[PDB]
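The structure file data.cif is reproduced below (mmCIF, C-alpha atoms and all ligand atoms).
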```cif
data_target
loop_
_atom_site.label_atom_id
_atom_site.label_comp_id
_atom_site.auth_asym_id
_atom_site.auth_seq_id
_atom_site.Cartn_x
_atom_site.Cartn_y
_atom_site.Cartn_z
CA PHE A 1042 35.42 8.08 52.50
CA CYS A 1043 35.35 10.31 49.40
CA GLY A 1044 32.84 13.12 49.75
CA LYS A 1045 29.53 13.26 51.61
CA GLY A 1046 27.02 11.31 49.52
CA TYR A 1047 27.21 8.47 47.04
CA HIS A 1048 30.62 8.56 45.37
CA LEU A 1049 30.86 8.98 41.59
CA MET A 1050 34.33 10.35 40.73
CA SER A 1051 37.41 12.00 42.16
CA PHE A 1052 39.84 14.35 40.44
CA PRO A 1053 43.41 14.94 41.70
CA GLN A 1054 45.17 18.30 41.70
CA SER A 1055 48.64 19.22 42.88
CA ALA A 1056 49.30 21.58 45.79
CA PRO A 1057 52.40 22.92 47.60
CA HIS A 1058 53.40 19.98 49.81
CA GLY A 1059 50.07 18.31 49.16
CA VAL A 1060 47.22 17.02 47.03
CA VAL A 1061 43.66 18.28 46.54
CA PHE A 1062 40.84 15.86 45.69
CA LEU A 1063 37.67 17.07 43.99
CA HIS A 1064 35.06 14.46 44.94
CA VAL A 1065 32.05 14.31 42.61
CA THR A 1066 29.14 12.75 44.51
CA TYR A 1067 25.40 12.18 44.18
CA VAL A 1068 23.04 13.69 46.79
CA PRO A 1069 19.25 13.07 46.82
CA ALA A 1070 17.40 16.37 47.02
CA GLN A 1071 13.59 16.52 46.80
CA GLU A 1072 11.69 14.10 49.02
CA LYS A 1073 8.16 12.72 49.09
CA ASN A 1074 6.08 10.80 51.63
CA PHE A 1075 4.52 7.47 50.64
CA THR A 1076 2.59 4.60 52.21
CA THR A 1077 4.51 1.34 51.98
CA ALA A 1078 4.09 -2.39 52.63
CA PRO A 1079 6.57 -5.29 52.65
CA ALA A 1080 4.65 -7.82 50.52
CA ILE A 1081 1.39 -8.16 48.59
CA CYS A 1082 -1.21 -10.91 48.89
CA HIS A 1083 -2.30 -12.34 45.54
CA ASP A 1084 -4.30 -15.61 45.33
CA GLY A 1085 -2.76 -16.81 48.59
CA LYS A 1086 0.75 -15.90 47.42
CA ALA A 1087 3.06 -13.34 49.05
CA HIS A 1088 4.70 -11.29 46.30
CA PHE A 1089 7.96 -9.55 47.30
CA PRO A 1090 9.77 -6.94 45.17
CA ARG A 1091 12.77 -8.16 43.21
CA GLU A 1092 14.40 -4.73 43.46
CA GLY A 1093 12.70 -1.60 44.73
CA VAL A 1094 9.99 -0.56 47.16
CA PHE A 1095 6.25 -1.18 47.19
CA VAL A 1096 4.66 2.28 47.54
CA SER A 1097 1.19 3.77 47.27
CA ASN A 1098 0.08 7.23 46.16
CA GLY A 1099 -3.19 6.89 48.09
CA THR A 1100 -5.21 4.62 45.79
CA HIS A 1101 -2.94 2.43 43.65
CA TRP A 1102 0.21 0.52 44.58
CA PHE A 1103 3.35 0.79 42.45
CA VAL A 1104 6.95 -0.37 42.76
CA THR A 1105 9.95 1.98 42.57
CA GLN A 1106 13.66 1.85 43.27
CA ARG A 1107 15.05 3.11 46.55
CA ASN A 1108 17.18 6.09 45.51
CA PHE A 1109 14.83 7.61 42.91
CA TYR A 1110 11.06 7.86 42.53
CA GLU A 1111 10.07 5.96 39.38
CA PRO A 1112 6.76 4.14 39.80
CA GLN A 1113 5.93 1.06 37.74
CA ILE A 1114 2.95 -1.28 37.71
CA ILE A 1115 3.46 -4.33 39.93
CA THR A 1116 3.83 -7.35 37.64
CA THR A 1117 5.38 -10.81 38.00
CA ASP A 1118 8.60 -9.73 36.25
CA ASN A 1119 9.70 -7.37 39.05
CA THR A 1120 8.21 -9.46 41.89
CA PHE A 1121 8.79 -12.98 43.17
CA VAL A 1122 6.55 -15.41 45.04
CA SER A 1123 7.62 -16.78 48.42
CA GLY A 1124 5.36 -18.48 50.94
CA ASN A 1125 1.76 -17.72 51.82
CA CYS A 1126 -0.11 -14.76 53.31
CA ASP A 1127 -0.26 -16.01 56.92
CA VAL A 1128 3.33 -15.20 57.99
CA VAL A 1129 4.37 -11.72 56.84
CA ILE A 1130 3.34 -8.85 59.13
CA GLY A 1131 1.97 -5.81 57.32
CA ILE A 1132 0.90 -7.51 54.08
CA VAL A 1133 -1.73 -5.75 51.94
CA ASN A 1134 -4.25 -6.95 49.37
CA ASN A 1135 -3.70 -5.94 45.74
CA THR A 1136 -3.69 -7.54 42.32
CA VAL A 1137 -0.50 -8.39 40.42
CA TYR A 1138 -0.46 -7.97 36.64
CA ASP A 1139 0.48 -10.87 34.37
CA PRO A 1140 1.86 -10.10 30.87
CA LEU A 1141 0.97 -13.61 29.67
CA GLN A 1142 -2.79 -13.04 30.11
CA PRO A 1143 -3.38 -10.83 27.00
CA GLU A 1144 -1.20 -13.23 24.99
CA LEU A 1145 -3.28 -16.20 26.17
CA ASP A 1146 -6.51 -14.24 25.57
CA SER A 1147 -5.81 -14.12 21.81
CA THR B 696 27.36 27.59 75.50
CA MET B 697 28.00 26.16 72.04
CA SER B 698 25.25 24.93 69.74
CA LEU B 699 25.51 21.30 68.68
CA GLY B 700 23.17 21.76 65.73
CA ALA B 701 19.60 22.36 64.68
CA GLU B 702 17.19 19.99 66.41
CA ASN B 703 15.33 17.63 64.07
CA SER B 704 12.75 14.86 64.45
CA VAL B 705 12.31 12.12 61.87
CA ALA B 706 8.61 11.53 61.16
CA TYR B 707 8.84 7.80 61.78
CA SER B 708 5.91 5.45 61.21
CA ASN B 709 5.60 1.73 60.57
CA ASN B 710 3.89 2.21 57.19
CA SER B 711 5.43 5.48 55.92
CA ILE B 712 8.55 5.87 53.76
CA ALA B 713 10.24 8.91 52.19
CA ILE B 714 11.61 8.57 48.65
CA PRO B 715 13.58 11.29 46.82
CA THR B 716 12.14 12.54 43.54
CA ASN B 717 15.13 14.62 42.38
CA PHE B 718 18.88 14.89 42.98
CA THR B 719 21.93 17.12 42.88
CA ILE B 720 25.60 16.65 42.01
CA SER B 721 27.99 17.89 44.69
CA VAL B 722 31.71 18.35 44.03
CA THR B 723 33.62 18.85 47.28
CA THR B 724 37.26 19.66 48.00
CA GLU B 725 39.55 17.73 50.35
CA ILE B 726 43.15 18.78 51.05
CA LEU B 727 45.78 16.28 52.21
CA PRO B 728 49.46 16.94 52.98
CA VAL B 729 51.95 14.57 51.34
CA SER B 730 55.54 15.75 51.92
CA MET B 731 57.34 18.53 53.78
CA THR B 732 60.65 20.40 53.82
CA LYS B 733 63.85 18.33 53.55
CA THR B 734 66.09 20.13 56.01
CA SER B 735 69.75 19.33 56.59
CA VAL B 736 71.92 20.49 59.49
CA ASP B 737 75.68 20.95 59.41
CA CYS B 738 76.29 19.67 62.93
CA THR B 739 79.91 20.75 63.48
CA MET B 740 79.46 24.18 61.91
CA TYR B 741 76.22 24.82 63.81
CA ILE B 742 77.79 23.90 67.15
CA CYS B 743 81.22 25.49 66.74
CA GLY B 744 81.09 28.14 64.00
CA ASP B 745 84.29 26.86 62.31
CA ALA C 845 45.66 15.40 107.45
CA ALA C 846 46.44 13.31 104.35
CA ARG C 847 47.85 15.25 101.40
CA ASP C 848 46.44 14.47 97.96
CA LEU C 849 48.45 13.49 94.90
CA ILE C 850 46.44 15.93 92.76
CA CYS C 851 47.26 18.68 95.26
CA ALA C 852 50.94 17.71 95.04
CA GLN C 853 50.74 17.88 91.24
CA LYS C 854 49.01 21.28 91.33
CA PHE C 855 51.46 22.75 93.85
CA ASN C 856 54.37 22.15 91.42
CA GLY C 857 52.92 23.79 88.32
CA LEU C 858 51.24 20.78 86.68
CA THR C 859 47.59 21.37 85.78
CA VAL C 860 44.96 19.34 83.90
CA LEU C 861 42.73 21.31 81.52
CA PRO C 862 39.07 20.29 81.13
CA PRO C 863 37.87 18.91 77.78
CA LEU C 864 35.98 21.23 75.46
CA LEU C 865 33.08 18.84 74.82
CA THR C 866 31.34 17.68 77.99
CA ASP C 867 29.95 14.19 78.52
CA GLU C 868 26.32 15.33 78.23
CA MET C 869 27.08 16.79 74.80
CA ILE C 870 28.93 13.61 73.76
CA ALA C 871 25.84 11.66 74.87
CA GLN C 872 23.70 14.06 72.82
CA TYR C 873 25.85 13.28 69.75
CA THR C 874 25.49 9.53 70.33
CA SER C 875 21.73 9.92 70.91
CA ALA C 876 21.38 11.84 67.63
CA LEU C 877 23.40 9.18 65.78
CA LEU C 878 21.33 6.36 67.31
CA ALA C 879 17.98 8.03 66.53
CA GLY C 880 19.07 8.82 62.98
CA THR C 881 20.30 5.27 62.37
CA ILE C 882 17.12 3.70 63.80
CA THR C 883 14.67 6.01 62.02
CA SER C 884 16.46 6.27 58.66
CA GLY C 885 19.13 3.61 58.08
CA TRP C 886 22.08 4.92 56.09
CA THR C 887 20.10 7.73 54.42
CA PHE C 888 21.03 10.25 57.12
CA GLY C 889 24.69 9.68 56.26
CA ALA C 890 24.32 10.90 52.67
CA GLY C 891 21.85 13.78 53.04
CA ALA C 892 18.50 14.46 54.67
CA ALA C 893 17.03 11.58 56.64
CA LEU C 894 14.40 9.42 54.92
CA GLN C 895 12.04 7.63 57.30
CA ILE C 896 11.58 3.87 56.86
CA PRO C 897 10.19 1.05 59.05
CA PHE C 898 12.83 -0.97 60.86
CA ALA C 899 11.61 -4.24 59.33
CA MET C 900 12.25 -2.76 55.88
CA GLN C 901 15.63 -1.44 57.07
CA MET C 902 16.64 -4.89 58.32
CA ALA C 903 15.41 -6.36 55.02
CA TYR C 904 17.73 -3.90 53.27
CA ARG C 905 20.60 -5.13 55.45
CA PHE C 906 19.71 -8.77 54.72
CA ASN C 907 19.61 -8.09 50.97
CA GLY C 908 22.94 -6.30 51.35
CA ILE C 909 24.65 -9.31 52.94
CA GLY C 910 23.30 -11.63 50.24
CA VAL C 911 20.16 -13.13 51.82
CA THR C 912 16.70 -12.80 50.28
CA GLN C 913 14.34 -10.64 52.38
CA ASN C 914 11.70 -13.38 52.78
CA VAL C 915 14.10 -14.93 55.32
CA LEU C 916 13.63 -11.82 57.46
CA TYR C 917 9.90 -11.46 56.76
CA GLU C 918 9.24 -15.10 57.74
CA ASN C 919 11.51 -15.05 60.83
CA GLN C 920 11.02 -11.50 62.15
CA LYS C 921 9.92 -12.48 65.67
CA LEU C 922 12.80 -14.96 66.02
CA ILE C 923 15.32 -12.37 64.82
CA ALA C 924 13.92 -9.74 67.21
CA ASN C 925 14.11 -12.24 70.09
CA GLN C 926 17.72 -13.07 69.18
CA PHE C 927 18.63 -9.36 69.10
CA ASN C 928 16.97 -8.76 72.48
CA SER C 929 18.77 -11.77 73.98
CA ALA C 930 22.11 -10.55 72.58
CA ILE C 931 21.50 -7.07 74.04
CA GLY C 932 20.67 -8.65 77.40
CA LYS C 933 23.84 -10.76 77.23
CA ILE C 934 25.87 -7.59 76.56
CA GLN C 935 24.13 -5.98 79.56
CA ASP C 936 24.94 -8.92 81.85
CA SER C 937 28.55 -9.14 80.64
CA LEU C 938 29.13 -5.43 81.23
CA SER C 939 27.41 -5.63 84.62
CA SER C 940 29.51 -8.62 85.74
CA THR C 941 32.98 -8.26 84.17
CA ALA C 942 34.98 -5.04 84.62
CA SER C 943 37.95 -6.10 82.45
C1 LIG D 1201 -2.10 7.42 41.78
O1 LIG D 1201 -1.45 7.27 40.50
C2 LIG D 1201 -2.30 6.74 39.47
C3 LIG D 1201 -1.43 6.60 38.24
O2 LIG D 1201 -0.99 7.86 37.76
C4 LIG D 1201 -3.50 7.65 39.25
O3 LIG D 1201 -4.38 7.06 38.30
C5 LIG D 1201 -4.68 7.96 37.21
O4 LIG D 1201 -4.64 9.36 37.59
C6 LIG D 1201 -4.90 10.27 36.52
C7 LIG D 1201 -4.73 11.67 37.08
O5 LIG D 1201 -3.41 12.15 36.88
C8 LIG D 1201 -6.30 10.02 35.96
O6 LIG D 1201 -6.52 10.88 34.85
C9 LIG D 1201 -6.44 8.57 35.52
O7 LIG D 1201 -7.78 8.31 35.11
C10 LIG D 1201 -6.07 7.62 36.67
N1 LIG D 1201 -6.14 6.24 36.23
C11 LIG D 1201 -6.64 5.26 36.98
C12 LIG D 1201 -6.63 3.89 36.37
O8 LIG D 1201 -7.09 5.47 38.11
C13 LIG D 1201 -4.24 7.86 40.57
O9 LIG D 1201 -5.29 8.81 40.40
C14 LIG D 1201 -3.29 8.36 41.65
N2 LIG D 1201 -3.99 8.50 42.93
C15 LIG D 1201 -4.01 9.62 43.66
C16 LIG D 1201 -3.25 10.80 43.11
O10 LIG D 1201 -4.62 9.68 44.73
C1 LIG D 1202 15.32 18.88 39.88
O1 LIG D 1202 16.22 19.91 40.32
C2 LIG D 1202 16.77 20.71 39.26
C3 LIG D 1202 17.75 21.66 39.90
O2 LIG D 1202 18.32 21.10 41.08
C4 LIG D 1202 15.64 21.41 38.51
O3 LIG D 1202 16.19 22.13 37.41
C5 LIG D 1202 15.75 23.51 37.42
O4 LIG D 1202 14.36 23.64 37.03
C6 LIG D 1202 13.87 24.99 37.05
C7 LIG D 1202 12.41 24.92 36.69
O5 LIG D 1202 11.95 26.16 36.16
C8 LIG D 1202 14.69 25.86 36.09
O6 LIG D 1202 14.24 27.20 36.19
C9 LIG D 1202 16.17 25.77 36.44
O7 LIG D 1202 16.93 26.49 35.47
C10 LIG D 1202 16.64 24.32 36.48
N1 LIG D 1202 18.03 24.24 36.88
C11 LIG D 1202 18.98 23.69 36.11
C12 LIG D 1202 20.37 23.70 36.68
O8 LIG D 1202 18.73 23.21 35.01
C13 LIG D 1202 14.63 20.39 38.00
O9 LIG D 1202 13.52 21.04 37.40
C14 LIG D 1202 14.14 19.50 39.14
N2 LIG D 1202 13.25 18.47 38.63
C15 LIG D 1202 12.02 18.26 39.10
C16 LIG D 1202 11.24 17.15 38.46
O10 LIG D 1202 11.55 18.94 40.01
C1 LIG D 1203 5.98 13.68 55.65
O1 LIG D 1203 5.02 13.67 56.72
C2 LIG D 1203 5.46 14.29 57.94
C3 LIG D 1203 4.35 14.11 58.95
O2 LIG D 1203 3.12 14.62 58.47
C4 LIG D 1203 5.80 15.76 57.68
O3 LIG D 1203 6.28 16.35 58.88
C5 LIG D 1203 6.85 15.87 56.58
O4 LIG D 1203 7.08 17.24 56.27
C6 LIG D 1203 6.39 15.13 55.32
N1 LIG D 1203 7.39 15.22 54.26
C7 LIG D 1203 8.64 14.73 54.27
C8 LIG D 1203 9.44 14.98 53.03
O5 LIG D 1203 9.11 14.10 55.22
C1 LIG D 1204 1.90 0.74 63.66
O1 LIG D 1204 1.96 0.96 65.09
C2 LIG D 1204 0.72 1.37 65.67
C3 LIG D 1204 0.99 1.63 67.13
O2 LIG D 1204 2.38 1.62 67.41
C4 LIG D 1204 -0.34 0.29 65.44
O3 LIG D 1204 -1.59 0.75 65.95
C5 LIG D 1204 -0.47 -0.02 63.95
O4 LIG D 1204 -1.36 -1.11 63.76
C6 LIG D 1204 0.90 -0.37 63.36
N1 LIG D 1204 0.79 -0.60 61.93
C7 LIG D 1204 1.00 -1.79 61.36
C8 LIG D 1204 0.85 -1.84 59.87
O5 LIG D 1204 1.30 -2.78 62.01
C1 LIG D 1205 -7.23 -9.85 52.04
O1 LIG D 1205 -8.16 -10.80 51.48
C2 LIG D 1205 -8.37 -11.97 52.29
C3 LIG D 1205 -9.31 -12.87 51.53
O2 LIG D 1205 -9.94 -12.17 50.46
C4 LIG D 1205 -8.91 -11.56 53.66
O3 LIG D 1205 -9.03 -12.72 54.48
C5 LIG D 1205 -7.98 -10.55 54.32
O4 LIG D 1205 -8.56 -10.08 55.54
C6 LIG D 1205 -7.73 -9.36 53.39
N1 LIG D 1205 -6.79 -8.43 54.00
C7 LIG D 1205 -6.95 -7.10 53.95
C8 LIG D 1205 -5.88 -6.30 54.62
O5 LIG D 1205 -7.90 -6.58 53.38
#
```

Step by step, read the file and then write its structure as structure tokens.
Amino acid sequence: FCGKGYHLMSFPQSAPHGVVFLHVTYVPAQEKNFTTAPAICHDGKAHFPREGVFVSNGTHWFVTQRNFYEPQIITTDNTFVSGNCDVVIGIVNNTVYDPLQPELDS
Amino acid sequence: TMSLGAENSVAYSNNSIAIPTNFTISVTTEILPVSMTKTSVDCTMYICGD
Amino acid sequence: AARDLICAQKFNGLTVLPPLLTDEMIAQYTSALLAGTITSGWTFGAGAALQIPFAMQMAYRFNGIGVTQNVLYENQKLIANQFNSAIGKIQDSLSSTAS
């Protein structure tokens, strides 16, 4: 509707019998391939991302957001548990970090 | 015969995704007309010339 | 022996010009739009196309409409069957009714 991309701003300017809009938009530029999975098995649980994508750089699995590559370790804060491992197609096996474990190991 | 565009093929797979690692800020220009000339015609003088 | 209406139109100075874009090229545009939508989602509408599995694309749509993606990922076969049945119903309706 306002510029090709994700719209940020628009600036109006006058013109003879008209108006000129300067649309400031966001365009993703430099791309990268990744190996992805919908959910992660962990102790019979199917962890899904709260917001972002499960990706892998070949060895480890991280979670990012969709429009920008920013990998983070998969914990229980950015994932939620729903169902078991026997339903979702394409699930993979990986561990999920728990921040409460070093606090309870004191 | 005109060219529709450059042919491209998306490297689709059921376990592969592409995520951007950088961005750019694009400011484009769009021109829209709003008004035009307000003409007025003297009907009798145009037809008859006084 | 029977004069045509198009011949009667053409004999009196009325002519129909052909369109600039032919139907094969319009079909090529729609094929490109369909392939881009299937293989990338909305990402081909904002820049270069980013590949993504269609289950993840439909999970994006489900999260967009306000439904948690486990509903898709636990009912994927049922949703695919419903989409195939709806496509077949569209096929049968367009094959039967001409209105
Ligand atoms: C995937 O990313 C992880 C996190 O960056 C990598 O793990 C570390 O990689 C660095 C190299 O930059 C090593 O020095 C560290 O010892 C690694 N740490 C661990 C715990 O493995 C991992 O190597 C990456 N995998 C690739 C690139 O295949
Ligand atoms: C993301 O892209 C921007 C430009 O689109 C990059 O910024 C340039 O980086 C080079 C690196 O030497 C500089 O020479 C240029 O002067 C920079 N341009 C501007 C406008 O500052 C940026 O480095 C990219 N980021 C990554 C991580 O690749
Ligand atoms: C991803 O992989 C495909 C297939 O190997 C390759 O054609 C493409 O250049 C890669 N990179 C991107 C950004 O799609
Ligand atoms: C992706 O599809 C290929 C063939 O179409 C199949 O062999 C492979 O197992 C599929 N991958 C997953 C994760 O289902
Ligand atoms: C994940 O682990 C379970 C039990 O440890 C096993 O049954 C299953 O095959 C594993 N899946 C993969 C993809 O390794």

Taking all atoms listed in the file into account, produce a table as a Markdown table in which each residue of chain A with an atom at most 10 Å from an atom of chain C appears once, together with its shortest atom pair and the distance in Å to one decimal, ordered by chain and rising number.
```
| residue | atom | partner | partner_atom | distance |
| --- | --- | --- | --- | --- |
| A:1044 | CA | C:890 | CA | 9.3 |
| A:1045 | CA | C:890 | CA | 5.8 |
| A:1046 | CA | C:890 | CA | 4.2 |
| A:1047 | CA | C:890 | CA | 6.8 |
| A:1048 | CA | C:890 | CA | 9.9 |
| A:1066 | CA | C:890 | CA | 9.7 |
| A:1067 | CA | C:890 | CA | 8.7 |
| A:1068 | CA | C:891 | CA | 6.4 |
| A:1069 | CA | C:891 | CA | 6.8 |
| A:1070 | CA | C:891 | CA | 7.9 |
| A:1071 | CA | C:892 | CA | 9.5 |
| A:1072 | CA | C:894 | CA | 8.0 |
| A:1073 | CA | C:894 | CA | 9.2 |
| A:1074 | CA | C:895 | CA | 8.8 |
| A:1077 | CA | C:896 | CA | 9.0 |
| A:1078 | CA | C:900 | CA | 8.8 |
| A:1079 | CA | C:900 | CA | 7.0 |
| A:1080 | CA | C:917 | CA | 8.9 |
| A:1087 | CA | C:914 | CA | 9.4 |
| A:1088 | CA | C:914 | CA | 9.8 |
| A:1089 | CA | C:914 | CA | 7.7 |
| A:1090 | CA | C:913 | CA | 9.3 |
| A:1091 | CA | C:912 | CA | 9.3 |
| A:1092 | CA | C:907 | CA | 9.7 |
| A:1094 | CA | C:900 | CA | 9.3 |
| A:1108 | CA | C:887 | CA | 9.5 |
| A:1122 | CA | C:914 | CA | 9.5 |
| A:1123 | CA | C:914 | CA | 6.9 |
| A:1124 | CA | C:914 | CA | 8.3 |
| A:1125 | CA | C:918 | CA | 9.9 |
| A:1127 | CA | C:918 | CA | 9.6 |
| A:1128 | CA | C:918 | CA | 5.9 |
| A:1129 | CA | C:917 | CA | 5.5 |
| A:1130 | CA | C:917 | CA | 7.4 |
| A:1131 | CA | C:917 | CA | 9.8 |
```

Legend entry - Interface, chain B side, toward chain A (10 Å; all atoms listed in the file) as a ChimeraX atom specification: /B:706,708-732

Please return the centre and edge lengths, in Å to one decimal, of a box with edges along x, y and z that contains all listed atoms of ligand LIG 1204 (chain D), widened by 3 Å on every side, as lines of an AutoDock Vina configuration file.
```
center_x = 0.4
center_y = -0.6
center_z = 63.6
size_x = 10.0
size_y = 10.4
size_z = 13.5
```

Legend entry - Given only C-alpha atoms as the counted atoms, nearest of C:934, C:864, C:845, C:870 to residue B:696: C:864

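Selection of all polymer residues within 9 Å of ligand LIG 1201 (chain D) on the basis of only C-alpha atoms and all ligand atoms gives residues 1097, 1098, 1099, 1100, 1101, 1102, 1103 and 1112 of chain A.
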
Legend entry - Top pick for closest residue to chain B, considering C:853, C:884, C:875, C:866 and counting only C-alpha atoms: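 The answer is C:884, which sits nearest to chain B.
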
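For the pair atom CA of residue A:1132 and atom CA of residue A:1083, the interatomic distance is 10.3 Å.
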
Inset, instruction - May I ask you to write as number ranges by chain all residues lying at most 9 Å from ligand LIG 1205 (chain D), with only C-alpha atoms and all ligand atoms counted? - result: A: 1082-1085, 1126, 1131-1135

Legend entry - Residue with smallest distance to ligand LIG 1203 (chain D) - pool B:733, B:697, B:703, B:743, counting all atoms listed in the file: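 Among the listed residues, B:703 lies closest to ligand LIG 1203 (chain D).
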
Legend entry - Residue with smallest distance to chain C - pool B:734, B:700, B:745, B:740, counting all atoms listed in the file: B:700

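Excluding residue C:883 itself and same-chain residues fewer than 2 positions from it, the residues having an atom within 7 Å of it are residues 705 and 707 of chain B; 879, 880, 881, 885, 895 and 896 of chain C, counting all atoms listed in the file.
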
Inset, instruction - Measure the distance from atom CA of residue C:872 to atom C3 of ligand LIG 1203 (chain D) in Å and round it to one decimal. - result: 23.8 Å

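When atom CA of residue A:1117 is paired with atom CA of residue A:1139, their separation reads 6.1 Å.
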
Would you mind writing stretch 712-724 of chain B with N, CA, C and O atoms, as a PDB file, in the frame of the given file?
```pdb
ATOM      1  N   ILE B 712       7.187   5.813  54.278  1.00  0.00           N
ATOM      2  CA  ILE B 712       8.550   5.870  53.760  1.00  0.00           C
ATOM      3  C   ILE B 712       8.692   7.215  53.047  1.00  0.00           C
ATOM      4  O   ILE B 712       7.708   7.839  52.650  1.00  0.00           O
ATOM      5  N   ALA B 713       9.931   7.694  52.940  1.00  0.00           N
ATOM      6  CA  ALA B 713      10.240   8.910  52.190  1.00  0.00           C
ATOM      7  C   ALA B 713      11.192   8.541  51.068  1.00  0.00           C
ATOM      8  O   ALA B 713      12.243   7.942  51.316  1.00  0.00           O
ATOM      9  N   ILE B 714      10.824   8.887  49.839  1.00  0.00           N
ATOM     10  CA  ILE B 714      11.610   8.570  48.650  1.00  0.00           C
ATOM     11  C   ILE B 714      11.968   9.873  47.959  1.00  0.00           C
ATOM     12  O   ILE B 714      11.098  10.731  47.794  1.00  0.00           O
ATOM     13  N   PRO B 715      13.234  10.097  47.606  1.00  0.00           N
ATOM     14  CA  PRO B 715      13.580  11.290  46.820  1.00  0.00           C
ATOM     15  C   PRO B 715      13.022  11.227  45.413  1.00  0.00           C
ATOM     16  O   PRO B 715      12.928  10.165  44.794  1.00  0.00           O
ATOM     17  N   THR B 716      12.653  12.401  44.901  1.00  0.00           N
ATOM     18  CA  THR B 716      12.140  12.540  43.540  1.00  0.00           C
ATOM     19  C   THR B 716      13.092  13.289  42.624  1.00  0.00           C
ATOM     20  O   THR B 716      12.837  13.352  41.417  1.00  0.00           O
ATOM     21  N   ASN B 717      14.168  13.854  43.159  1.00  0.00           N
ATOM     22  CA  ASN B 717      15.130  14.620  42.380  1.00  0.00           C
ATOM     23  C   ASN B 717      16.506  14.390  43.002  1.00  0.00           C
ATOM     24  O   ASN B 717      16.654  13.597  43.937  1.00  0.00           O
ATOM     25  N   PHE B 718      17.519  15.084  42.490  1.00  0.00           N
ATOM     26  CA  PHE B 718      18.880  14.890  42.980  1.00  0.00           C
ATOM     27  C   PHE B 718      19.690  16.154  42.755  1.00  0.00           C
ATOM     28  O   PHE B 718      19.203  17.149  42.210  1.00  0.00           O
ATOM     29  N   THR B 719      20.947  16.095  43.182  1.00  0.00           N
ATOM     30  CA  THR B 719      21.930  17.120  42.880  1.00  0.00           C
ATOM     31  C   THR B 719      23.307  16.472  42.864  1.00  0.00           C
ATOM     32  O   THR B 719      23.525  15.399  43.437  1.00  0.00           O
ATOM     33  N   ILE B 720      24.231  17.130  42.173  1.00  0.00           N
ATOM     34  CA  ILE B 720      25.600  16.650  42.010  1.00  0.00           C
ATOM     35  C   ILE B 720      26.509  17.598  42.773  1.00  0.00           C
ATOM     36  O   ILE B 720      26.610  18.782  42.434  1.00  0.00           O
ATOM     37  N   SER B 721      27.175  17.080  43.799  1.00  0.00           N
ATOM     38  CA  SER B 721      27.990  17.890  44.690  1.00  0.00           C
ATOM     39  C   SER B 721      29.457  17.539  44.489  1.00  0.00           C
ATOM     40  O   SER B 721      29.841  16.376  44.634  1.00  0.00           O
ATOM     41  N   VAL B 722      30.271  18.533  44.163  1.00  0.00           N
ATOM     42  CA  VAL B 722      31.710  18.350  44.030  1.00  0.00           C
ATOM     43  C   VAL B 722      32.364  19.079  45.190  1.00  0.00           C
ATOM     44  O   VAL B 722      32.301  20.310  45.281  1.00  0.00           O
ATOM     45  N   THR B 723      32.983  18.319  46.086  1.00  0.00           N
ATOM     46  CA  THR B 723      33.620  18.850  47.280  1.00  0.00           C
ATOM     47  C   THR B 723      35.132  18.800  47.144  1.00  0.00           C
ATOM     48  O   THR B 723      35.676  18.136  46.263  1.00  0.00           O
ATOM     49  N   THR B 724      35.812  19.507  48.040  1.00  0.00           N
ATOM     50  CA  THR B 724      37.260  19.660  48.000  1.00  0.00           C
ATOM     51  C   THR B 724      37.869  19.150  49.293  1.00  0.00           C
ATOM     52  O   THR B 724      37.454  19.564  50.380  1.00  0.00           O
TER      53      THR B 724
END
```
